[PDB]
>>> print(open('entry09.cif').read())   # mmCIF, N, CA and C atoms
data_run
#
loop_
_atom_site.label_atom_id
_atom_site.label_comp_id
_atom_site.auth_asym_id
_atom_site.auth_seq_id
_atom_site.Cartn_x
_atom_site.Cartn_y
_atom_site.Cartn_z
N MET A 132 157.75 14.22 54.34
CA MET A 132 158.11 15.01 55.56
C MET A 132 156.86 15.53 56.25
N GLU A 133 156.01 16.17 55.48
CA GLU A 133 154.75 16.69 55.98
C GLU A 133 154.13 17.33 54.75
N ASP A 134 152.84 17.06 54.55
CA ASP A 134 152.06 17.62 53.45
C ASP A 134 152.02 19.13 53.58
N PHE A 135 152.21 19.82 52.46
CA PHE A 135 152.23 21.28 52.45
C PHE A 135 150.88 21.87 52.84
N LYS A 136 149.82 21.39 52.20
CA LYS A 136 148.48 21.86 52.48
C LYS A 136 148.06 21.79 53.95
N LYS A 137 148.90 21.20 54.79
CA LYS A 137 148.59 21.11 56.21
C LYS A 137 149.44 22.10 57.00
N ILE A 138 150.60 22.46 56.46
CA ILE A 138 151.44 23.41 57.17
C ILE A 138 151.23 24.87 56.75
N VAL A 139 150.64 25.10 55.57
CA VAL A 139 150.41 26.47 55.12
C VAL A 139 149.33 27.16 55.96
N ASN A 140 148.32 26.40 56.36
CA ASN A 140 147.24 26.93 57.18
C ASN A 140 147.70 27.13 58.61
N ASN A 141 148.99 26.94 58.86
CA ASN A 141 149.54 27.10 60.21
C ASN A 141 150.63 28.14 60.29
N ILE A 142 150.83 28.88 59.21
CA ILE A 142 151.86 29.91 59.20
C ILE A 142 151.38 31.09 60.03
N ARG A 143 152.15 31.43 61.05
CA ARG A 143 151.81 32.54 61.94
C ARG A 143 153.09 33.19 62.45
N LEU A 144 153.11 34.52 62.41
CA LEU A 144 154.28 35.27 62.84
C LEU A 144 154.62 34.97 64.29
N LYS A 145 155.89 35.08 64.63
CA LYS A 145 156.36 34.82 65.98
C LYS A 145 156.31 33.34 66.35
N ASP A 146 155.72 32.53 65.48
CA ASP A 146 155.63 31.09 65.70
C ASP A 146 156.48 30.41 64.63
N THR A 147 155.91 30.28 63.44
CA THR A 147 156.58 29.67 62.30
C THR A 147 157.80 30.46 61.86
N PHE A 148 157.69 31.78 61.88
CA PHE A 148 158.81 32.62 61.48
C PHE A 148 158.72 34.02 62.06
N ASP A 149 159.81 34.74 61.90
CA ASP A 149 159.90 36.11 62.34
C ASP A 149 160.68 36.81 61.25
N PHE A 150 160.61 38.13 61.22
CA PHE A 150 161.35 38.88 60.22
C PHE A 150 162.04 40.02 60.92
N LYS A 151 163.06 40.53 60.27
CA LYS A 151 163.80 41.64 60.81
C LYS A 151 164.08 42.45 59.56
N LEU A 152 163.94 43.76 59.68
CA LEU A 152 164.18 44.66 58.56
C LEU A 152 165.59 45.22 58.58
N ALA A 153 166.24 45.16 57.43
CA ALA A 153 167.59 45.68 57.29
C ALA A 153 167.73 47.12 57.80
N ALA A 154 166.62 47.84 57.84
CA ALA A 154 166.63 49.23 58.27
C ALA A 154 166.53 49.39 59.79
N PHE A 155 165.96 48.40 60.46
CA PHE A 155 165.84 48.48 61.91
C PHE A 155 166.30 47.20 62.59
N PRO A 156 167.53 46.76 62.29
CA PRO A 156 168.08 45.54 62.89
C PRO A 156 167.85 45.25 64.38
N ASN A 157 167.90 46.27 65.24
CA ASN A 157 167.74 46.01 66.67
C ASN A 157 166.45 46.49 67.33
N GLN A 158 165.34 46.44 66.61
CA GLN A 158 164.07 46.89 67.18
C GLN A 158 162.97 45.85 67.04
N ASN A 159 162.22 45.62 68.12
CA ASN A 159 161.14 44.64 68.09
C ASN A 159 159.93 45.17 67.35
N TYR A 160 158.97 44.28 67.11
CA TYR A 160 157.75 44.63 66.41
C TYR A 160 156.98 45.72 67.13
N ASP A 161 156.89 45.61 68.46
CA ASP A 161 156.13 46.59 69.21
C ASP A 161 156.78 47.96 69.39
N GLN A 162 157.95 48.16 68.81
CA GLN A 162 158.65 49.44 68.89
C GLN A 162 158.61 50.09 67.49
N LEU A 163 157.92 49.42 66.56
CA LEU A 163 157.82 49.91 65.19
C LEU A 163 156.42 50.17 64.70
N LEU A 164 156.18 51.40 64.26
CA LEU A 164 154.87 51.76 63.74
C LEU A 164 154.68 51.08 62.39
N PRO A 165 153.46 50.65 62.07
CA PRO A 165 153.29 50.02 60.76
C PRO A 165 153.86 50.88 59.65
N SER A 166 153.64 52.20 59.73
CA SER A 166 154.12 53.12 58.70
C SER A 166 155.64 53.09 58.53
N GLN A 167 156.38 52.94 59.63
CA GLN A 167 157.84 52.86 59.55
C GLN A 167 158.26 51.63 58.74
N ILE A 168 157.62 50.49 59.01
CA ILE A 168 157.95 49.25 58.32
C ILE A 168 157.61 49.34 56.82
N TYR A 169 156.44 49.90 56.53
CA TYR A 169 155.97 50.07 55.16
C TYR A 169 156.91 50.95 54.31
N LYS A 170 157.53 51.95 54.94
CA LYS A 170 158.42 52.88 54.25
C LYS A 170 159.89 52.48 54.25
N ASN A 171 160.20 51.38 54.91
CA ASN A 171 161.59 50.97 54.99
C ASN A 171 161.92 49.55 54.65
N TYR A 172 160.95 48.75 54.22
CA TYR A 172 161.28 47.37 53.90
C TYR A 172 162.02 47.25 52.57
N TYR A 173 162.04 48.34 51.81
CA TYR A 173 162.72 48.34 50.52
C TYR A 173 164.22 48.18 50.76
N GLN A 174 164.64 48.38 52.01
CA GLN A 174 166.04 48.23 52.36
C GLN A 174 166.41 46.78 52.59
N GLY A 175 165.40 45.93 52.75
CA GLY A 175 165.66 44.51 52.96
C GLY A 175 164.90 43.88 54.10
N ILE A 176 164.56 42.62 53.92
CA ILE A 176 163.84 41.87 54.92
C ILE A 176 164.64 40.59 55.15
N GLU A 177 164.94 40.29 56.40
CA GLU A 177 165.67 39.08 56.74
C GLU A 177 164.63 38.19 57.41
N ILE A 178 164.38 37.01 56.83
CA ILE A 178 163.41 36.07 57.39
C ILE A 178 164.09 35.05 58.29
N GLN A 179 163.50 34.79 59.45
CA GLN A 179 164.04 33.80 60.36
C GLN A 179 162.98 32.71 60.39
N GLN A 180 163.07 31.79 59.44
CA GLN A 180 162.10 30.72 59.41
C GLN A 180 162.52 29.70 60.46
N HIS A 181 161.70 29.59 61.50
CA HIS A 181 161.97 28.67 62.59
C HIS A 181 161.49 27.26 62.34
N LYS A 182 160.35 27.12 61.67
CA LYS A 182 159.80 25.79 61.42
C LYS A 182 159.45 25.51 59.96
N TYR A 183 159.33 24.23 59.64
CA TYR A 183 159.01 23.78 58.30
C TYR A 183 160.02 24.21 57.24
N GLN A 184 161.27 24.49 57.60
CA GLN A 184 162.20 24.89 56.56
C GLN A 184 162.57 23.77 55.60
N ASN A 185 162.18 22.54 55.92
CA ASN A 185 162.47 21.42 55.03
C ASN A 185 161.39 21.39 53.93
N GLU A 186 160.16 21.67 54.34
CA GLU A 186 159.01 21.65 53.44
C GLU A 186 158.57 22.96 52.79
N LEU A 187 158.80 24.09 53.47
CA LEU A 187 158.33 25.38 52.98
C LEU A 187 159.30 26.55 52.96
N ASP A 188 159.07 27.49 52.04
CA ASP A 188 159.88 28.70 52.01
C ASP A 188 158.91 29.84 52.17
N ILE A 189 159.19 30.71 53.13
CA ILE A 189 158.34 31.86 53.40
C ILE A 189 159.05 33.17 53.11
N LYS A 190 158.46 33.98 52.24
CA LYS A 190 159.01 35.29 51.90
C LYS A 190 157.93 36.34 52.09
N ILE A 191 158.30 37.50 52.61
CA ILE A 191 157.32 38.57 52.74
C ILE A 191 157.68 39.43 51.54
N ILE A 192 156.81 39.51 50.54
CA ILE A 192 157.16 40.31 49.37
C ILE A 192 156.66 41.76 49.46
N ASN A 193 155.63 41.99 50.30
CA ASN A 193 155.07 43.34 50.49
C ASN A 193 154.40 43.52 51.84
N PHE A 194 154.50 44.72 52.39
CA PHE A 194 153.84 45.05 53.63
C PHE A 194 152.75 46.04 53.17
N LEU A 195 151.51 45.81 53.57
CA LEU A 195 150.43 46.69 53.18
C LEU A 195 149.60 47.08 54.38
N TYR A 196 149.00 48.27 54.33
CA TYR A 196 148.14 48.74 55.41
C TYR A 196 146.86 47.95 55.22
N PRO A 197 146.28 47.44 56.30
CA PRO A 197 145.04 46.68 56.15
C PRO A 197 143.96 47.40 55.36
N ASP A 198 143.78 48.69 55.64
CA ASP A 198 142.76 49.47 54.95
C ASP A 198 143.26 50.37 53.84
N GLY A 199 144.55 50.32 53.52
CA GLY A 199 145.04 51.18 52.46
C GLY A 199 145.64 52.50 52.91
N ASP A 200 145.55 52.84 54.20
CA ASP A 200 146.14 54.10 54.64
C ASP A 200 146.76 53.96 56.03
N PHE A 201 147.94 54.55 56.20
CA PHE A 201 148.72 54.50 57.44
C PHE A 201 148.00 54.84 58.76
N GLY A 202 147.22 55.92 58.80
CA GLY A 202 146.54 56.27 60.04
C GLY A 202 145.77 55.11 60.65
N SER A 203 145.02 54.42 59.79
CA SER A 203 144.21 53.27 60.21
C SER A 203 145.08 52.15 60.77
N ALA A 204 146.20 51.91 60.10
CA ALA A 204 147.14 50.88 60.51
C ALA A 204 147.89 51.29 61.78
N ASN A 205 148.33 52.54 61.84
CA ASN A 205 149.06 53.01 63.01
C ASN A 205 148.21 52.97 64.28
N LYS A 206 146.89 53.12 64.13
CA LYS A 206 145.99 53.08 65.28
C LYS A 206 145.87 51.68 65.86
N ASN A 207 145.82 50.67 64.99
CA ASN A 207 145.70 49.27 65.41
C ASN A 207 147.05 48.54 65.48
N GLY A 208 148.14 49.23 65.17
CA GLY A 208 149.44 48.58 65.20
C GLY A 208 149.37 47.29 64.40
N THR A 209 148.72 47.39 63.24
CA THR A 209 148.52 46.27 62.34
C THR A 209 149.10 46.42 60.94
N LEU A 210 149.40 45.29 60.30
CA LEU A 210 149.95 45.27 58.95
C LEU A 210 149.41 44.05 58.24
N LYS A 211 149.37 44.12 56.92
CA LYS A 211 148.90 43.02 56.10
C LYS A 211 150.17 42.55 55.40
N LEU A 212 150.60 41.34 55.73
CA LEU A 212 151.80 40.77 55.14
C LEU A 212 151.49 39.97 53.88
N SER A 213 152.03 40.42 52.75
CA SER A 213 151.80 39.72 51.51
C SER A 213 152.93 38.69 51.44
N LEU A 214 152.57 37.40 51.47
CA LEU A 214 153.54 36.32 51.47
C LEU A 214 153.66 35.50 50.21
N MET A 215 154.85 34.96 50.00
CA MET A 215 155.08 34.08 48.87
C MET A 215 155.51 32.78 49.55
N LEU A 216 154.75 31.72 49.33
CA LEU A 216 155.05 30.42 49.94
C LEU A 216 155.45 29.40 48.88
N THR A 217 156.67 28.89 48.98
CA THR A 217 157.12 27.90 48.01
C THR A 217 157.07 26.49 48.59
N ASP A 218 156.40 25.60 47.87
CA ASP A 218 156.26 24.21 48.28
C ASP A 218 157.55 23.57 47.79
N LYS A 219 158.43 23.23 48.72
CA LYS A 219 159.71 22.64 48.35
C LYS A 219 159.69 21.25 47.73
N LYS A 220 158.56 20.57 47.78
CA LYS A 220 158.49 19.24 47.17
C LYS A 220 158.33 19.41 45.66
N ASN A 221 157.17 19.95 45.26
CA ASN A 221 156.82 20.19 43.86
C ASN A 221 157.42 21.46 43.24
N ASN A 222 157.82 22.40 44.10
CA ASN A 222 158.40 23.69 43.70
C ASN A 222 157.36 24.70 43.22
N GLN A 223 156.10 24.51 43.60
CA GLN A 223 155.04 25.43 43.18
C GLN A 223 155.03 26.60 44.15
N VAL A 224 154.77 27.79 43.61
CA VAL A 224 154.72 29.02 44.40
C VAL A 224 153.28 29.45 44.72
N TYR A 225 153.00 29.71 46.00
CA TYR A 225 151.65 30.13 46.40
C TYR A 225 151.75 31.46 47.11
N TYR A 226 150.73 32.29 46.93
CA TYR A 226 150.71 33.60 47.57
C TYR A 226 149.64 33.63 48.65
N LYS A 227 149.88 34.38 49.71
CA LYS A 227 148.93 34.46 50.81
C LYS A 227 149.08 35.75 51.58
N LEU A 228 147.95 36.40 51.83
CA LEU A 228 147.95 37.64 52.60
C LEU A 228 147.64 37.25 54.05
N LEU A 229 148.45 37.72 54.99
CA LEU A 229 148.26 37.40 56.40
C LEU A 229 148.24 38.68 57.22
N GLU A 230 147.18 38.89 57.99
CA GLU A 230 147.09 40.11 58.80
C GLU A 230 147.66 39.93 60.20
N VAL A 231 148.69 40.70 60.56
CA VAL A 231 149.26 40.56 61.89
C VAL A 231 149.27 41.87 62.66
N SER A 232 149.08 41.76 63.97
CA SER A 232 149.06 42.91 64.85
C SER A 232 150.20 42.81 65.86
N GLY A 233 150.26 43.75 66.79
CA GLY A 233 151.31 43.72 67.79
C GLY A 233 152.43 44.70 67.50
N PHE A 234 152.24 45.53 66.48
CA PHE A 234 153.25 46.52 66.14
C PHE A 234 152.94 47.76 66.96
N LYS A 235 153.91 48.66 67.07
CA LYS A 235 153.69 49.89 67.83
C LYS A 235 152.47 50.63 67.28
N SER A 236 151.79 51.38 68.14
CA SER A 236 150.61 52.15 67.72
C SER A 236 150.42 53.40 68.58
N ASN A 237 149.61 54.33 68.08
CA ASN A 237 149.30 55.55 68.80
C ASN A 237 147.84 55.81 68.45
N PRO A 238 147.03 56.20 69.44
CA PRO A 238 145.60 56.49 69.30
C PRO A 238 145.09 57.33 68.13
N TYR A 239 145.92 58.21 67.57
CA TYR A 239 145.47 59.03 66.45
C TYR A 239 146.04 58.60 65.10
N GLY A 240 147.00 57.68 65.12
CA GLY A 240 147.59 57.20 63.89
C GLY A 240 148.69 58.07 63.31
N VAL A 241 149.12 59.08 64.06
CA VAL A 241 150.18 59.96 63.58
C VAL A 241 151.43 59.11 63.33
N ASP A 242 152.20 59.41 62.28
CA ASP A 242 153.40 58.62 61.98
C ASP A 242 154.69 59.15 62.61
N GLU A 243 155.77 58.40 62.40
CA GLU A 243 157.09 58.72 62.95
C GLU A 243 157.62 60.12 62.60
N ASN A 244 157.00 60.77 61.63
CA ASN A 244 157.43 62.10 61.23
C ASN A 244 156.37 63.14 61.59
N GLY A 245 155.55 62.81 62.59
CA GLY A 245 154.52 63.72 63.04
C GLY A 245 153.28 63.94 62.19
N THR A 246 153.20 63.33 61.02
CA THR A 246 152.03 63.52 60.16
C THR A 246 150.73 63.01 60.81
N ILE A 247 149.65 63.79 60.69
CA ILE A 247 148.34 63.40 61.24
C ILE A 247 147.44 62.87 60.12
N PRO A 248 146.75 61.75 60.36
CA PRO A 248 145.86 61.17 59.35
C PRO A 248 144.79 62.15 58.83
N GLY A 249 144.84 62.49 57.55
CA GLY A 249 143.84 63.38 56.98
C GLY A 249 144.00 64.88 57.09
N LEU A 250 145.07 65.32 57.75
CA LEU A 250 145.30 66.75 57.87
C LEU A 250 146.47 67.26 57.08
N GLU A 251 146.09 68.22 56.25
CA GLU A 251 146.90 68.98 55.32
C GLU A 251 147.05 68.35 53.94
#
>>> encode(input="entry09.cif", output="structure tokens")
Amino acid sequence: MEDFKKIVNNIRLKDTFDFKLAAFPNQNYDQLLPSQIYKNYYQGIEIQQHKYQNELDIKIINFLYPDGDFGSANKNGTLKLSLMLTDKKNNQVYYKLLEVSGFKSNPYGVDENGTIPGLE
């Protein structure tokens, strides 16, 4: 169908697949702060794999702040997606961290509950 090692280097959000969180079914990426996603994906992630579904399986197993703390992520509207990629031919599982931006952001990194990065 297509060699896996050629399609894995092409996995990109909004292209190959999209995700929707069980906690925010009707909200786009740009209306969600990275911190909101990080604190609510435990409710469930629905993957919409648009391409390569014959050859590959894409799962987001963890959402991580690029630098380890929400303020930094909320400022850049960025997240580090920890992925699990299954090669459907051989059935081997591969892991890959992918950094994506385009999520809601605010200049100081304050979160959805008013918390300020580093204060208190």
>>> residues_around(input="entry09.cif", residues="range 216-231 of chain A", least_positions_apart="3", cutoff="7 Å", atoms="only N, CA and C atoms", output="PyMOL selection string")
chain A and resi 135+185-190+208-213+234
>>> resolve_selection(input="entry09.cif", expression="the PyMOL selection byres ((chain A and resi 154) around 7)", output="MDAnalysis selection string")
chainID A and resid 151:153 155:157 171:172 174:176
>>> select_by_dssp(input="entry09.cif", residues="chain A", states="alpha helix (DSSP H)", output="ChimeraX atom specification")
/A:135-138,165-171,201-207
>>> select_by_dssp(input="entry09.cif", residues="chain A", states="strand (DSSP E)", output="compact mmCIF listing (two decimals) with N, CA and C atoms, in the coordinates of the input")
# COMPACT_ATOMS: atom_id res chain seq x y z
N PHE A 148 157.69 31.78 61.88
CA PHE A 148 158.81 32.62 61.48
C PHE A 148 158.72 34.02 62.06
N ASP A 149 159.81 34.74 61.90
CA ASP A 149 159.90 36.11 62.34
C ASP A 149 160.68 36.81 61.25
N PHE A 150 160.61 38.13 61.22
CA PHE A 150 161.35 38.88 60.22
C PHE A 150 162.04 40.02 60.92
N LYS A 151 163.06 40.53 60.27
CA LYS A 151 163.80 41.64 60.81
C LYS A 151 164.08 42.45 59.56
N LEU A 152 163.94 43.76 59.68
CA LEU A 152 164.18 44.66 58.56
C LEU A 152 165.59 45.22 58.58
N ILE A 176 164.56 42.62 53.92
CA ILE A 176 163.84 41.87 54.92
C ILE A 176 164.64 40.59 55.15
N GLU A 177 164.94 40.29 56.40
CA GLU A 177 165.67 39.08 56.74
C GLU A 177 164.63 38.19 57.41
N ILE A 178 164.38 37.01 56.83
CA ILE A 178 163.41 36.07 57.39
C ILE A 178 164.09 35.05 58.29
N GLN A 179 163.50 34.79 59.45
CA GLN A 179 164.04 33.80 60.36
C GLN A 179 162.98 32.71 60.39
N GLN A 180 163.07 31.79 59.44
CA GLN A 180 162.10 30.72 59.41
C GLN A 180 162.52 29.70 60.46
N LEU A 187 158.80 24.09 53.47
CA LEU A 187 158.33 25.38 52.98
C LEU A 187 159.30 26.55 52.96
N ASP A 188 159.07 27.49 52.04
CA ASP A 188 159.88 28.70 52.01
C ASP A 188 158.91 29.84 52.17
N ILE A 189 159.19 30.71 53.13
CA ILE A 189 158.34 31.86 53.40
C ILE A 189 159.05 33.17 53.11
N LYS A 190 158.46 33.98 52.24
CA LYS A 190 159.01 35.29 51.90
C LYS A 190 157.93 36.34 52.09
N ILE A 191 158.30 37.50 52.61
CA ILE A 191 157.32 38.57 52.74
C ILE A 191 157.68 39.43 51.54
N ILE A 192 156.81 39.51 50.54
CA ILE A 192 157.16 40.31 49.37
C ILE A 192 156.66 41.76 49.46
N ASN A 193 155.63 41.99 50.30
CA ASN A 193 155.07 43.34 50.49
C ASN A 193 154.40 43.52 51.84
N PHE A 194 154.50 44.72 52.39
CA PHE A 194 153.84 45.05 53.63
C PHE A 194 152.75 46.04 53.17
N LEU A 195 151.51 45.81 53.57
CA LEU A 195 150.43 46.69 53.18
C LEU A 195 149.60 47.08 54.38
N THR A 209 148.72 47.39 63.24
CA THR A 209 148.52 46.27 62.34
C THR A 209 149.10 46.42 60.94
N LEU A 210 149.40 45.29 60.30
CA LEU A 210 149.95 45.27 58.95
C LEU A 210 149.41 44.05 58.24
N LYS A 211 149.37 44.12 56.92
CA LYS A 211 148.90 43.02 56.10
C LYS A 211 150.17 42.55 55.40
N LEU A 212 150.60 41.34 55.73
CA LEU A 212 151.80 40.77 55.14
C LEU A 212 151.49 39.97 53.88
N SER A 213 152.03 40.42 52.75
CA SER A 213 151.80 39.72 51.51
C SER A 213 152.93 38.69 51.44
N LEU A 214 152.57 37.40 51.47
CA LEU A 214 153.54 36.32 51.47
C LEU A 214 153.66 35.50 50.21
N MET A 215 154.85 34.96 50.00
CA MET A 215 155.08 34.08 48.87
C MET A 215 155.51 32.78 49.55
N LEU A 216 154.75 31.72 49.33
CA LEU A 216 155.05 30.42 49.94
C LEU A 216 155.45 29.40 48.88
N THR A 217 156.67 28.89 48.98
CA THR A 217 157.12 27.90 48.01
C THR A 217 157.07 26.49 48.59
N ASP A 218 156.40 25.60 47.87
CA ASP A 218 156.26 24.21 48.28
C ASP A 218 157.55 23.57 47.79
N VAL A 224 154.77 27.79 43.61
CA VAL A 224 154.72 29.02 44.40
C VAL A 224 153.28 29.45 44.72
N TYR A 225 153.00 29.71 46.00
CA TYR A 225 151.65 30.13 46.40
C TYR A 225 151.75 31.46 47.11
N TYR A 226 150.73 32.29 46.93
CA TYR A 226 150.71 33.60 47.57
C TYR A 226 149.64 33.63 48.65
N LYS A 227 149.88 34.38 49.71
CA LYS A 227 148.93 34.46 50.81
C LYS A 227 149.08 35.75 51.58
N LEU A 228 147.95 36.40 51.83
CA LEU A 228 147.95 37.64 52.60
C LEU A 228 147.64 37.25 54.05
N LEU A 229 148.45 37.72 54.99
CA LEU A 229 148.26 37.40 56.40
C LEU A 229 148.24 38.68 57.22
N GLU A 230 147.18 38.89 57.99
CA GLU A 230 147.09 40.11 58.80
C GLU A 230 147.66 39.93 60.20
N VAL A 231 148.69 40.70 60.56
CA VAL A 231 149.26 40.56 61.89
C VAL A 231 149.27 41.87 62.66
N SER A 232 149.08 41.76 63.97
CA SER A 232 149.06 42.91 64.85
C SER A 232 150.20 42.81 65.86
>>> resolve_selection(input="entry09.cif", expression="the PyMOL selection byres ((chain A and resi 240) around 6)", output="list in words")
residues 201, 202, 203, 205, 206, 237, 238, 239, 241, 242, 246, 247 and 248 of chain A
>>> atom_distance(input="entry09.cif", atom1="atom N of residue 159 in chain A", atom2="atom N of residue 235 in chain A")
8.9 Å
>>> closest_residue(input="entry09.cif", among="A:243, A:251, A:198, A:177", to="residue 149 in chain A", atoms="only N, CA and C atoms")
A:177
>>> atom_distance(input="entry09.cif", atom1="CA of residue 181 in chain A", atom2="atom C of residue 193 in chain A")
19.8 Å
>>> atom_distance(input="entry09.cif", atom1="atom C of residue 145 in chain A", atom2="CA of residue 244 in chain A")
29.2 Å
>>> resolve_selection(input="entry09.cif", expression="the PyMOL selection byres ((chain A and resi 161) around 7)", output="PyMOL selection string")
chain A and resi 158-160+162-164+233-236
>>> closest_residue(input="entry09.cif", among="A:249, A:180, A:191, A:197", to="residue 147 in chain A", atoms="all atoms listed in the file")
A:180
>>> build_atoms(input="entry09.cif", residues="range 225-245 of chain A", atoms="N, CA, C and O atoms", output="PDB file, in the frame of the given file")
ATOM      1  N   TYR A 225     153.000  29.710  46.000  1.00  0.00           N
ATOM      2  CA  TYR A 225     151.650  30.130  46.400  1.00  0.00           C
ATOM      3  C   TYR A 225     151.750  31.460  47.110  1.00  0.00           C
ATOM      4  O   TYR A 225     152.726  31.731  47.808  1.00  0.00           O
ATOM      5  N   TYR A 226     150.730  32.290  46.930  1.00  0.00           N
ATOM      6  CA  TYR A 226     150.710  33.600  47.570  1.00  0.00           C
ATOM      7  C   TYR A 226     149.640  33.630  48.650  1.00  0.00           C
ATOM      8  O   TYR A 226     148.612  32.972  48.543  1.00  0.00           O
ATOM      9  N   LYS A 227     149.880  34.380  49.710  1.00  0.00           N
ATOM     10  CA  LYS A 227     148.930  34.460  50.810  1.00  0.00           C
ATOM     11  C   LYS A 227     149.080  35.750  51.580  1.00  0.00           C
ATOM     12  O   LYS A 227     150.186  36.146  51.948  1.00  0.00           O
ATOM     13  N   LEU A 228     147.950  36.400  51.830  1.00  0.00           N
ATOM     14  CA  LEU A 228     147.950  37.640  52.600  1.00  0.00           C
ATOM     15  C   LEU A 228     147.640  37.250  54.050  1.00  0.00           C
ATOM     16  O   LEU A 228     146.691  36.527  54.296  1.00  0.00           O
ATOM     17  N   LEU A 229     148.450  37.720  54.990  1.00  0.00           N
ATOM     18  CA  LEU A 229     148.260  37.400  56.400  1.00  0.00           C
ATOM     19  C   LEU A 229     148.240  38.680  57.220  1.00  0.00           C
ATOM     20  O   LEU A 229     149.179  39.467  57.164  1.00  0.00           O
ATOM     21  N   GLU A 230     147.180  38.890  57.990  1.00  0.00           N
ATOM     22  CA  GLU A 230     147.090  40.110  58.800  1.00  0.00           C
ATOM     23  C   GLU A 230     147.660  39.930  60.200  1.00  0.00           C
ATOM     24  O   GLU A 230     147.159  39.105  60.961  1.00  0.00           O
ATOM     25  N   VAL A 231     148.690  40.700  60.560  1.00  0.00           N
ATOM     26  CA  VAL A 231     149.260  40.560  61.890  1.00  0.00           C
ATOM     27  C   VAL A 231     149.270  41.870  62.660  1.00  0.00           C
ATOM     28  O   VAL A 231     149.458  42.951  62.098  1.00  0.00           O
ATOM     29  N   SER A 232     149.080  41.760  63.970  1.00  0.00           N
ATOM     30  CA  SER A 232     149.060  42.910  64.850  1.00  0.00           C
ATOM     31  C   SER A 232     150.200  42.810  65.860  1.00  0.00           C
ATOM     32  O   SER A 232     151.023  41.895  65.781  1.00  0.00           O
ATOM     33  N   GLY A 233     150.260  43.750  66.790  1.00  0.00           N
ATOM     34  CA  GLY A 233     151.310  43.720  67.790  1.00  0.00           C
ATOM     35  C   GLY A 233     152.430  44.700  67.500  1.00  0.00           C
ATOM     36  O   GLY A 233     153.478  44.677  68.165  1.00  0.00           O
ATOM     37  N   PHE A 234     152.240  45.530  66.480  1.00  0.00           N
ATOM     38  CA  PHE A 234     153.250  46.520  66.140  1.00  0.00           C
ATOM     39  C   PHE A 234     152.940  47.760  66.960  1.00  0.00           C
ATOM     40  O   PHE A 234     151.846  47.900  67.514  1.00  0.00           O
ATOM     41  N   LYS A 235     153.910  48.660  67.070  1.00  0.00           N
ATOM     42  CA  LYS A 235     153.690  49.890  67.830  1.00  0.00           C
ATOM     43  C   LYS A 235     152.470  50.630  67.280  1.00  0.00           C
ATOM     44  O   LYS A 235     152.139  50.522  66.099  1.00  0.00           O
ATOM     45  N   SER A 236     151.790  51.380  68.140  1.00  0.00           N
ATOM     46  CA  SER A 236     150.610  52.150  67.720  1.00  0.00           C
ATOM     47  C   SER A 236     150.420  53.400  68.580  1.00  0.00           C
ATOM     48  O   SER A 236     151.021  53.524  69.647  1.00  0.00           O
ATOM     49  N   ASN A 237     149.610  54.330  68.080  1.00  0.00           N
ATOM     50  CA  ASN A 237     149.300  55.550  68.800  1.00  0.00           C
ATOM     51  C   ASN A 237     147.840  55.810  68.450  1.00  0.00           C
ATOM     52  O   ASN A 237     147.443  55.673  67.288  1.00  0.00           O
ATOM     53  N   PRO A 238     147.030  56.200  69.440  1.00  0.00           N
ATOM     54  CA  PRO A 238     145.600  56.490  69.300  1.00  0.00           C
ATOM     55  C   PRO A 238     145.090  57.330  68.130  1.00  0.00           C
ATOM     56  O   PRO A 238     143.953  57.163  67.713  1.00  0.00           O
ATOM     57  N   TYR A 239     145.920  58.210  67.570  1.00  0.00           N
ATOM     58  CA  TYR A 239     145.470  59.030  66.450  1.00  0.00           C
ATOM     59  C   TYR A 239     146.040  58.600  65.100  1.00  0.00           C
ATOM     60  O   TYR A 239     145.645  59.121  64.048  1.00  0.00           O
ATOM     61  N   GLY A 240     147.000  57.680  65.120  1.00  0.00           N
ATOM     62  CA  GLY A 240     147.590  57.200  63.890  1.00  0.00           C
ATOM     63  C   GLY A 240     148.690  58.070  63.310  1.00  0.00           C
ATOM     64  O   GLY A 240     149.134  57.858  62.194  1.00  0.00           O
ATOM     65  N   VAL A 241     149.120  59.080  64.060  1.00  0.00           N
ATOM     66  CA  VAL A 241     150.180  59.960  63.580  1.00  0.00           C
ATOM     67  C   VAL A 241     151.430  59.110  63.330  1.00  0.00           C
ATOM     68  O   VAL A 241     151.688  58.183  64.086  1.00  0.00           O
ATOM     69  N   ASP A 242     152.200  59.410  62.280  1.00  0.00           N
ATOM     70  CA  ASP A 242     153.400  58.620  61.980  1.00  0.00           C
ATOM     71  C   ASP A 242     154.690  59.150  62.610  1.00  0.00           C
ATOM     72  O   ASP A 242     154.694  60.203  63.251  1.00  0.00           O
ATOM     73  N   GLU A 243     155.770  58.400  62.400  1.00  0.00           N
ATOM     74  CA  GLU A 243     157.090  58.720  62.950  1.00  0.00           C
ATOM     75  C   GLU A 243     157.620  60.120  62.600  1.00  0.00           C
ATOM     76  O   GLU A 243     158.600  60.578  63.190  1.00  0.00           O
ATOM     77  N   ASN A 244     157.000  60.770  61.630  1.00  0.00           N
ATOM     78  CA  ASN A 244     157.430  62.100  61.230  1.00  0.00           C
ATOM     79  C   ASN A 244     156.370  63.140  61.590  1.00  0.00           C
ATOM     80  O   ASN A 244     156.290  64.200  60.980  1.00  0.00           O
ATOM     81  N   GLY A 245     155.550  62.810  62.590  1.00  0.00           N
ATOM     82  CA  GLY A 245     154.520  63.720  63.040  1.00  0.00           C
ATOM     83  C   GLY A 245     153.280  63.940  62.190  1.00  0.00           C
ATOM     84  O   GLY A 245     152.390  64.678  62.598  1.00  0.00           O
TER      85      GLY A 245
END
